[PDB]
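First up is the structure itself, then whatever we jot down about it.
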Amino acid sequence: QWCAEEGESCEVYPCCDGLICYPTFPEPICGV
């Protein structure tokens with residue numbers, strides 16, 4: 453996959469299962 457899933461950084465690509473980009477450091481993560 454090219455999109456960012458659950459537990460991956462969405463600094464280059466968006467979410468996959470409809471997750472949200474959390475303000476996590478250093479880079480945000482996709483989570484519902």
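Each number in the working numbering comes from the position in the sequence shown (counting from 1) with 452 added on. Idealized CB from N, CA, C, for every residue including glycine.
- As the crow flies, the alpha-carbon of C482 is around 5 Å from that of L471.
- CA-CA distance, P478 to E460, rounds to 12 Å.
- Of the residues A456, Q453 and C462, the one whose Cα lies closest to the Cα of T476 is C462.
- Rounded to whole angstroms, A456 and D469 show a C-alpha spacing of 9 Å.
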